[PDB]
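See below for the structure under consideration.
Nothing in this text is a laboratory measurement; each read-out follows from the coordinates by a stated rule. All Cβ positions, even for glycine, are placed from backbone atoms using ideal geometry, and neighbour counts span all protein chains on display.
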Amino acid sequence: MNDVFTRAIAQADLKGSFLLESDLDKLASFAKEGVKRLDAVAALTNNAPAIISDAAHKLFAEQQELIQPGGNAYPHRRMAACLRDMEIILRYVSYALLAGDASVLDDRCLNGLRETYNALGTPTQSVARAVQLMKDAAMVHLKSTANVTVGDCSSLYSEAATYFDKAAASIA
Amino acid sequence: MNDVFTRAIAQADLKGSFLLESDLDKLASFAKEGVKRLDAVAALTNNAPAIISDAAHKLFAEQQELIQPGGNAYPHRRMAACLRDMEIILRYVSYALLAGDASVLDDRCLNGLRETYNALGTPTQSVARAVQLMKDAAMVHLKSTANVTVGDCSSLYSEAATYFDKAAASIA
Amino acid sequence: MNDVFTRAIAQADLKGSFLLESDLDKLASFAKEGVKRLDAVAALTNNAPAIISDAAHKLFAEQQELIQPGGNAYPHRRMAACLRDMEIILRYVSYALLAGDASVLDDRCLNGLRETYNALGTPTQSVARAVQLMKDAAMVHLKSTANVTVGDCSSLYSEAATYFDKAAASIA
Amino acid sequence: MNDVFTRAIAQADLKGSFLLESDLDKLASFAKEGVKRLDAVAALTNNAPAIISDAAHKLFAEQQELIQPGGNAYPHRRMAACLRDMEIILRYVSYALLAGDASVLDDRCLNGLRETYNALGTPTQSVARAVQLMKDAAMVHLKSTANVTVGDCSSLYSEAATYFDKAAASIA
Amino acid sequence: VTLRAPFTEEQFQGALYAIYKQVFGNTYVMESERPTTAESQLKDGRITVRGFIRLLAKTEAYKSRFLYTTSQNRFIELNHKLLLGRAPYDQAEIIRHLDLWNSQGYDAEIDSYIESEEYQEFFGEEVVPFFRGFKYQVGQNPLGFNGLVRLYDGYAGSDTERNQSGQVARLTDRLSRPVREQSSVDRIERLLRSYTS
Amino acid sequence: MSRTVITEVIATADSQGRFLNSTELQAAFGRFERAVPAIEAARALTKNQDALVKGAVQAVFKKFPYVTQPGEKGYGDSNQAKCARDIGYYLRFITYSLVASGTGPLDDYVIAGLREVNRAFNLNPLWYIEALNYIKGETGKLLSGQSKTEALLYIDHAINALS
Amino acid sequence: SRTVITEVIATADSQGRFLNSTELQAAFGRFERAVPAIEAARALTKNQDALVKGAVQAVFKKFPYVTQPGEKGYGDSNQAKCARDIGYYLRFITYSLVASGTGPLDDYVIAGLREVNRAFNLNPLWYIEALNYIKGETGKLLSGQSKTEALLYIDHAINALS
Amino acid sequence: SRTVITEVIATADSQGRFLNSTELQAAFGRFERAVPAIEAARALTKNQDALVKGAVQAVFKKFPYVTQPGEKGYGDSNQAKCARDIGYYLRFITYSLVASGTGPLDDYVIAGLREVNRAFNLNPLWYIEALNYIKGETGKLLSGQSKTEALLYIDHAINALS
Amino acid sequence: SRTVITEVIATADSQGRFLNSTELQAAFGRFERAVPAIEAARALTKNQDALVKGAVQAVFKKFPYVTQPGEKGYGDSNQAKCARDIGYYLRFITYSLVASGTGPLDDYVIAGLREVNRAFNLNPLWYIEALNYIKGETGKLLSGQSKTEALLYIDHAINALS
Ligand SMILES: CCC1=C(C)/C(=C/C2=NC(=C\c3[nH]c(/C=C4\NC(=O)[C@H](C)[C@H]4CC)c(C)c3CCC(=O)O)/C(CCC(=O)O)=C2C)NC1=O
Ligand SMILES: CCC1=C(C)/C(=C/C2=NC(=C\c3[nH]c(/C=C4\NC(=O)[C@H](C)[C@H]4CC)c(C)c3CCC(=O)O)/C(CCC(=O)O)=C2C)NC1=O
Ligand SMILES: CCC1=C(C)/C(=C/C2=NC(=C\c3[nH]c(/C=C4\NC(=O)[C@H](C)[C@H]4CC)c(C)c3CCC(=O)O)/C(CCC(=O)O)=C2C)NC1=O
Ligand SMILES: CCC1=C(C)/C(=C/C2=NC(=C\c3[nH]c(/C=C4\NC(=O)[C@H](C)[C@H]4CC)c(C)c3CCC(=O)O)/C(CCC(=O)O)=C2C)NC1=O
Ligand SMILES: CCC1=C(C)/C(=C/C2=NC(=C\c3[nH]c(/C=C4\NC(=O)[C@H](C)[C@H]4CC)c(C)c3CCC(=O)O)/C(CCC(=O)O)=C2C)NC1=O
Ligand SMILES: CCC1=C(C)/C(=C/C2=NC(=C\c3[nH]c(/C=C4\NC(=O)[C@H](C)[C@H]4CC)c(C)c3CCC(=O)O)/C(CCC(=O)O)=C2C)NC1=O
Ligand SMILES: CCC1=C(C)/C(=C/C2=NC(=C\c3[nH]c(/C=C4\NC(=O)[C@H](C)[C@H]4CC)c(C)c3CCC(=O)O)/C(CCC(=O)O)=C2C)NC1=O
Ligand SMILES: CCC1=C(C)/C(=C/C2=NC(=C\c3[nH]c(/C=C4\NC(=O)[C@H](C)[C@H]4CC)c(C)c3CCC(=O)O)/C(CCC(=O)O)=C2C)NC1=O
Ligand SMILES: CCC1=C(C)/C(=C/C2=NC(=C\c3[nH]c(/C=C4\NC(=O)[C@H](C)[C@H]4CC)c(C)c3CCC(=O)O)/C(CCC(=O)O)=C2C)NC1=O
Ligand SMILES: CCC1=C(C)/C(=C/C2=NC(=C\c3[nH]c(/C=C4\NC(=O)[C@H](C)[C@H]4CC)c(C)c3CCC(=O)O)/C(CCC(=O)O)=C2C)NC1=O
Ligand SMILES: CCC1=C(C)/C(=C/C2=NC(=C\c3[nH]c(/C=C4\NC(=O)[C@H](C)[C@H]4CC)c(C)c3CCC(=O)O)/C(CCC(=O)O)=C2C)NC1=O
């Protein structure tokens, strides 16, 4: 269960050395910028209903098979499973955003999710499309500058994009 | 597990179709001939020790190598285990007989059984023979016309023969 | 083509001066890392069939319309040409990695791919996705430490990533 | 988990026969010199911490890369894991020595040890070398003529040596 | 192993060792992690063995080993294998426990194991959990025994987080086919119909 | 794994590791004898599926005019069509539960994960309570005797689960 | 390990919910103290060699009986590896400073401490007073926030050894 | 109840351990947020008499059908209960704000929210949009740390209502 | 594509000559044997489902070891793609019958099959026993010359797979 500082510490310990000057420099830079990361995390947190609802709407509009009877999100319990899975993926994406590390996502939430979906007959491709629609809605919600000080967040935007892309690629 | 009622439901659902009139006809027939089915199930139930003891006697008559030292059923703990296994298979056959379909017998009993016996080293040919011997010793109790109204029940006799054959083929 | 040493000699000839001491320093830095370059290219070449196979697996999984009839992979000769394309693009990116100068990939490979796939009707976005999947599959064996002396090679990872990014943006 | 007596009983039972006279002679001879066996077990128990400490000191002097940063036994938790493994294995060798058969080892000590060590990345050769060092440290205590009656115990020495060798070969 | 009312100092340490060896697998527990306050609360009977096991399940050592590095399928399998002794039977259990987790927290998730009816009879207040799926337990599938056999790799082994594989799931593959592969035959025709388009 | 008195008795007997005792056979026979009214009600509903669905959607619009206006869920032609599809689903599972003489089909296929989908798609339960109240009012006249009682009971179960 | 951010993610993952406001407040306060902690890590990183040698000499001074032959301190390897141990402790304390949490200590020295101390017959008092001497040196090497920040981890490890 | 000090003491005492670095950080951080929270608490305590009326008029405007005869919002007693509900809401918002933790908020409105809402047919959307009105108006009522402190608590309340 | 008609027309075009006797006699041959070929193709199109699914079953029965969990043949998608591939093969055999030439087989499935097969570790045998199943059935569904020529084309299919 790792964040960026803990990965840095792990590397410094495998080498057996103290942390190097450049490492402390980049960690201090990350910590100073971290206030903006916290706002990105709060934007994901407070709006996740909206991201999930929009992603589900676009997903089932594109693939109306998953709502057909015999489709894999057909009954109310499977629709609930779909929404809950999307919400958990988004939760662990925001966890990775806070920690600035993909360890929590990859270990806790995606170590064996592909094999689970294959075992249950779930189309992993629709799962990946749900994740990508989630990332699009999350980008739109991160772009929002309401009640916050304007600034440049391209670092956080790229990290969120690569988090969602890692999620999609690990699923499928 | 599913009876034949919920088989009809599930096949109606996974094609998104209401239950047909013909399907309602077969299920109503199942319901009307249900009382004979209850008679058959009670015949299996109330005569369980008789069926099990007869099948065990025949089984240890045919192949003595089980009960002699170094045999699977020998050490008087494994004998109790053998009788308990036969009771379990009889119980699940009676469950499938009351239900109408082998979902109980093929899910709750027969999924992990063949390689369970492979793990234990138990011969499975002997277990399948034991199941067939129980089928023989249970048809005679199932056909007992005493203390009950008389009627044709070849349908249920074929049904129970199929369930015992199914268990014996799965286990072997 | 024009390797890294060829590049240095080219700029020296163009400005008409000798090698500066910093030029010799950076060329010596390239010379010393040549062992790491050998390790990287060996890893890529040995794992090449596996890498291209799994990459094509994720390719056809993500985009299921290419394989099916009417797609540019359907007639199964086009499949052979497709495999040839993946292997050749990985071959030239391995070449560029070995030389350390992206000139060979840009000239010998990427000069005409754009117009070529316009003339061939291939979805080029799909090909960019393909090469990105290549880098994703290859970085696995890249950070693999099996059978070799361990050591940080982050520059090699970044250079391989930049080579694949150049190829992707080219065919994009 | 079977002492000499219960192993003999199991063999007799498999042969469906009473215990032979020669086998009873073997068991009576075993139970006659059993006080020597008790002395050896009490020497492995009373002088256990010295054996673990000395074996660990020799092991970490001879093989230093374990305690280096990045080594397998580097942090405190992994040193404690080393000490507990060695104490457990000495404990199980004492158990086998008292019982008289390696049944306790192959039942409990060595049941899945190689699987555990191949999962943990531990070098099994190092653990085998540690068991060898425990052998050398323990033979000194077993051969301590002081505080006991003088008598030949070469059979116990060979038996305990075989137990330690079996533990090492199972770990290796 | 039990803990009666008049128990003494002896085997109380043994009871603790059995509890740790069961709950935490064979994974080592350095006394930097043993909760001394819980042991003292057990020593006067203010809490039963069931209460102490609830405490251990809710410590950060248990979570560190079984909740963070693992998925939720693996977490449910381990919770069964450790706090109950048996493997899970079907995705009915997995679905119930995962929904209970996401809706009511790890606290209620662990309570569903500890204050359950099954735990009440088989172990109860003063019995340390033991692997009991090897012997036929009433009302099980034939896959409960197979699952406990697959989870349990040996007396020496353990289900440890800190290994090469990263503590991946062992049994969802095993528990996988029966629950949701009855509709495989028709899903085949659906997939072919999609492919032919 | 749908629950039904047959399934319930088989499950409560497998749980205890025992054969089906007399009382479970009593319950099974009771279900078997009540099957005929339930199957009759199921076919009666199946014949008149479309009229009931159309009436239900019209009554939902009538008791909730505000949803119909634009800017709301009720707007949309295909939206309203698959509203009718949704009430068709509800009636379909009512008939399934009648055939099964148990709430298992209804429970599993609708009630399980009901409020979660209602929230995450902002679907008001009161819409569907209106629809099922209209279906109650209709089935009051179609069915009589035991079949009517069974239909009313299952509609009550679904409404209470929604409400 | 176990840091403030990691503890936030754990308490929001075990309870299976999003991050409430209070957890973000804790994160932002941690970000506020980040700069003093990393400055303390800088300062201790520079003076590593002198700190280690001074700690070793303080160990020899406080425990005179350790040095003579037939005892733990005798033999060049013994105090060389004493220096190794002291460098280990100092490195993990700087790690704690950088991570802004007691994680690396608890994972690399605390977890597994008493078993190794009692097996190899080491003494917690040696390292306790050596960390006291490191406290003395960091009293002057640092000032203000970084000073007490380093002191917090130093005496946390001391209480762990005590 | 639940404050930042609540998780401080709970996560410090669950392990039965003395108070280490991290919970001391959390206590200090909670202490520093206290005064902007108090300023915002004063600002939102002054405005309540008009805040409640603004909220009730916002509810009546958003849902035209609720106020018409035959519906929940119509009636003098119904609107009196609306006013009492909004006043209680704002009072517990101030309580959570001053306490620096949503503890009073959580155990006073969240505890028993969904079940009581379905019990008395309280549509959550009514209170969601009322709290949205309060959030929007407090956006101009407060600035700086106070604005964010109020807005995150309002967001927690509305997400609870969802 | 590649047909005896196309072979004639290309082997006349590349030499720029008008057609003479020999190739137009071959054209007579094609046009006379079209009818048996086309009715054979009709019959094969009439019975496809049994052919494909029983071929899949035959592959399982001849290779049980590919069915179990954990190997490549395992998987619902894997069975679906079985049926897909064998359907394609039946497709193209019918096409070749229609064209009265082995062309379309060569153009589509024979061109480059080796390296794509070893690309996914596909065993061509599996398809060979599928073809064996197919010849087993066409020994019954067809009669004489149509049967003979369908057997010829499928045999060529194995030979190319061989
Ligand atoms: C904590 C980390 C974690 C997660 C999140 C996880 C997800 C997960 N999804 C599951 C099944 C499922 N997953 C889905 C959702 C998919 N199907 C639809 O097509 C969608 C496109 C798509 C959602 C994006 C559905 C519908 C099921 C039910 C399958 C069935 O009942 O047959 C299951 C098994 C039963 C259950 O639903 O609880 C799990 C455990 N597993 C984990 O260890
Ligand atoms: C307690 C919970 C918490 C809150 C309420 C919070 C809001 C918050 N945002 C801040 C700065 C900032 N916040 C942002 C982020 C925003 N700007 C962009 O428009 C983005 C769209 C958007 C989010 C990605 C930026 C860019 C800054 C200024 C960067 C800096 O710190 O210098 C600050 C520091 C005030 C200052 O620098 O004077 C706070 C307190 N941060 C927190 O940890
Ligand atoms: C609910 C469904 C279910 C079934 C059916 C089932 C079968 C089953 N039988 C077992 C034992 C056994 N069963 C037998 C019986 C065999 N010996 C002879 O060959 C006979 C012909 C034959 C009996 C028909 C024996 C000998 C054992 C003990 C095996 C051993 O100790 O090596 C065991 C191992 C647990 C134990 O020790 O009791 C299982 C799991 N388990 C289940 O959960
Ligand atoms: C208390 C639990 C319970 C039982 C036991 C039960 C069985 C049962 N079977 C009946 C008639 C019957 N029972 C049987 C079955 C028998 N006839 C065949 O020849 C076989 C010997 C055998 C079945 C294999 C048949 C065929 C009928 C006539 C019903 C018909 O015409 O379909 C009747 C009506 C006659 C009466 O009440 O005396 C009952 C109640 N129903 C119950 O609620
Ligand atoms: C015949 C062609 C040839 C090969 C294949 C080759 C590999 C090679 N790499 C070496 C050292 C090395 N090799 C590597 C590269 C590897 N280590 C890193 O961790 C990565 C896993 C990976 C690169 C991505 C490194 C880092 C060293 C140590 C050299 C240094 O100090 O930087 C050595 C010297 C050690 C020995 O002989 O055992 C060889 C032979 N050299 C050759 O002449
Ligand atoms: C039946 C009784 C029993 C045995 C035998 C047993 C072996 C055992 N040793 C273990 C760890 C370990 N054991 C060692 C010690 C070895 N590595 C070094 O090379 C030393 C030289 C050598 C000691 C001889 C180490 C270093 C680990 C930790 C490895 C790791 O964390 O990756 C573990 C993993 C437990 C955990 O997660 O902490 C087990 C299960 N466990 C048991 O319950
Ligand atoms: C806790 C219960 C208990 C124990 C275990 C015990 C040990 C014990 N040691 C004995 C003597 C003895 N002990 C030994 C064994 C020693 N020979 C040496 O070379 C070895 C260092 C060592 C064994 C490896 C021998 C050889 C004897 C003399 C008796 C004989 O030869 O059988 C005797 C017999 C009395 C005697 O002749 O002195 C006992 C009972 N006494 C007890 O009340
Ligand atoms: C098998 C059981 C089952 C049911 C019942 C079910 C209901 C259901 N309602 C939905 C939303 C909806 N529900 C409605 C129905 C409303 N429209 C209003 O006019 C009426 C008041 C009311 C009908 C009474 C509408 C229009 C939507 C679409 C809203 C939108 O996407 O904009 C959706 C989302 C489908 C999509 O992607 O568009 C489903 C699946 N799902 C199930 O799996
Ligand atoms: C995680 C970091 C870590 C620590 C803390 C650690 C402690 C440690 N100290 C050891 C030996 C030792 N360490 C000392 C330290 C003493 N030297 C002087 O005399 C002082 C009085 C005193 C230190 C202040 C001594 C004397 C020994 C030798 C005693 C023995 O090996 O049993 C050993 C035995 C293995 C070896 O190093 O060869 C360990 C594991 N090991 C680690 O990997
Ligand atoms: C401890 C803090 C507290 C809360 C959170 C609270 C909410 C609350 N509102 C209630 C009733 C009510 N609440 C409302 C208000 C709603 N209906 C319409 O008028 C409006 C659109 C809307 C308000 C904007 C109404 C009309 C009732 C009457 C009962 C009912 O709705 O069935 C009730 C039932 C018991 C009662 O108070 O009389 C509670 C518990 N009450 C409290 O004491
Ligand atoms: C023009 C006609 C045509 C041919 C000849 C053809 C060959 C072919 N078969 C494929 C699917 C496949 N087909 C099989 C083999 C079948 N499935 C297994 O279960 C059985 C052992 C076996 C049936 C006997 C496999 C293993 C794949 C996909 C490879 C993979 O995903 O691992 C693929 C795509 C590979 C992929 O999706 O990964 C190709 C190119 N495709 C075509 O469109």
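Key figures
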{"read-out": "Scope the stretch H:140-162; condition in a helix (DSSP H, G or I) and either among the polar types (S, T, N, Q) or over 18 Å from A:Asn46 (Cα atoms) (or both); matching residues", "value": "H:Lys140, H:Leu141, H:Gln145, H:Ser146, H:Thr148, H:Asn159"}
{"read-out": "Pick from the stretch D:8-45, criterion in contact with a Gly (Cβ under 9 Å, 6 or more places away or on another chain) and farther than 18 Å from D:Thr149 by Cβ, ranking: farthest from ligand 8 (Cβ to nearest atom)", "value": "D:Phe30"}
{"read-out": "Residue check for G:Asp85: within 14 Å of chain D (Cβ to nearest Cβ), within 16 Å of ligand 6 (Cβ to nearest atom) and either within 19 Å of the chain's Cα centre (by Cα) or in contact (Cβ under 8 Å) with a residue 40 or more places away in the chain (or both)", "value": "no"}
{"read-out": "Close pairs (8 angstrom Cβ cut-off, 6 or more residues apart or separate chains): of a type in the set (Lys, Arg) in the stretch A:6-35, part of a loop (DSSP other than H, G, I, E, B) anywhere", "value": "A:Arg7/A:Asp101; A:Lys15/D:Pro69; A:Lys15/D:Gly70"}
{"read-out": "Flag for F:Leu106 being among the aliphatic types (A, V, I, L, M), surrounded by 17 or more Cβ atoms within 10 Å (Cβ to Cβ) and farther than 27 Å from H:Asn121 by Cβ", "value": "no"}
{"read-out": "Filtered residues of the stretch E:144-177 (kept if farther than 30 Å from C:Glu62 by Cβ and in a helix (DSSP H, G or I))", "value": "E:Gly144, E:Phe145, E:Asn146, E:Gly147, E:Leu148, E:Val149, E:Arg150, E:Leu151"}
{"read-out": "In the stretch G:1-47, the residues that are away from chain H (no Cβ under 13 Å) and either aliphatic (A, V, I, L, M) or farther than 25 Å from A:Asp106 by Cα (or both)", "value": "G:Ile9, G:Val35, G:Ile38, G:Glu39, G:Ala41, G:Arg42, G:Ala43, G:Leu44, G:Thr45, G:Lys46, G:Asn47"}
{"read-out": "Positions within the stretch G:113-162 being polar (S, T, N, Q) and surrounded by 20 or more Cβ atoms within 10 Å (Cβ to Cβ), in sequence order", "value": "G:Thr138, G:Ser146"}
{"read-out": "Failed item, numbered, when H:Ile134 is tested on (1) touching a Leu at 6+ places or on another chain (Cβ under 7 Å); (2) farther than 27 Å from H:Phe28 by Cβ; (3) more than 13 Å from every other protein chain (Cβ to nearest Cβ); (4) away from ligand 10 (no atom under 15 Å from the Cβ)", "value": "(4)"}
{"read-out": "Considering residues of the stretch B:144-172 that are of a type in the set (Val, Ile, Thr) and in a helix (DSSP H, G or I) only, the residue nearest to ligand 3 (Cβ to nearest atom)", "value": "B:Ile171"}
{"read-out": "Every residue from the stretch F:11-33 that is in contact with a helix residue (DSSP H, G or I) (Cβ under 7 Å, 6 or more places away or on another chain) and either of a type outside the set (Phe, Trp, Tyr) or not in a helix (DSSP H, G or I) (or both)", "value": "F:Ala13, F:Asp14, F:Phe19, F:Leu20, F:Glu24, F:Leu25, F:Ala27, F:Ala28, F:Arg31"}
{"read-out": "Hits in the stretch A:36-59 (condition: in contact (Cβ under 8 Å) with a residue 24 or more places away in the chain and among the hydrophobic types (A, V, I, L, M, F, W, C))", "value": "A:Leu38, A:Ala40, A:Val41, A:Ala43, A:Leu44, A:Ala48, A:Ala50, A:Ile51, A:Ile52, A:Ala55, A:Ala56, A:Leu59"}
{"read-out": "Only one of F:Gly137, F:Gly76 that is within 14 Å of chain A (Cβ to nearest Cβ) and out of contact with any helix residue (DSSP H, G or I) (no Cβ under 8 Å at 6 or more places or on another chain)", "value": "F:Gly76"}
{"read-out": "Any helices (runs of 4 or more DSSP H) falling wholly within the stretch G:1-114 and containing at least 1 residues that are in contact with a helix residue (DSSP H, G or I) (Cβ under 9 Å, 6 or more places away or on another chain) and within 16 Å of ligand 5 (Cβ to nearest atom)", "value": "none"}
{"read-out": "Residues of the stretch G:120-131 classified as without any contact (Cβ under 8 Å) to a residue 40 or more places away in the chain, assigned to a helix (DSSP H, G or I) and within 14 Å of chain D (Cβ to nearest Cβ), total", "value": "1"}
{"read-out": "Candidates B:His76, B:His141 - the one that is of a type outside the set (A, V, I, L, M), on the phi > 0 side of the Ramachandran plot and more than 9 Å from ligand 3 (Cβ to nearest atom)", "value": "B:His76"}
{"read-out": "Tally of residues being within 22 Å of the chain's Cα centre (by Cα) and more than 30 Å from F:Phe121 (Cβ to Cβ) across the stretch F:29-84", "value": "15"}
{"read-out": "Among (1) surrounded by fewer than 17 Cβ atoms within 10 Å (Cβ to Cβ); (2) among the aromatic types (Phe, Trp, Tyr); (3) within 14 Å of chain D (Cβ to nearest Cβ) - the single one E:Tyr152 does not satisfy", "value": "(1)"}
{"read-out": "Subset of the stretch B:113-138 (residues that are assigned to a loop (DSSP other than H, G, I, E, B) and either more than 11 Å from ligand 3 (Cβ to nearest atom) or within 14 Å of chain E (Cβ to nearest Cβ) (or both))", "value": "B:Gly121, B:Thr122"}
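Residue by residue, here is whether (1) buried (at least 18 other Cβ atoms within 10 Å of the Cβ); (2) more than 19 Å from the chain's Cα centre (by Cα) holds:
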position	(1), (2)
G:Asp13	yes, yes
G:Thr22	yes, yes
G:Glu39	yes, no
G:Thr45	yes, no
G:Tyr74	no, yes
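So that you can scan it fast, the table gives a plain yes or no per residue for (1) more than 16 Å from ligand 6 (Cβ to nearest atom); (2) within 13 Å of another protein chain (Cβ to nearest Cβ); (3) closer than 30 Å to F:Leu162 by Cα:
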| site | (1), (2), (3) |
| --- | --- |
| H:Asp49 | yes, no, no |
| H:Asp107 | yes, no, yes |
| H:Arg118 | yes, yes, yes |
| H:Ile154 | yes, yes, yes |
| H:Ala160 | yes, yes, yes |
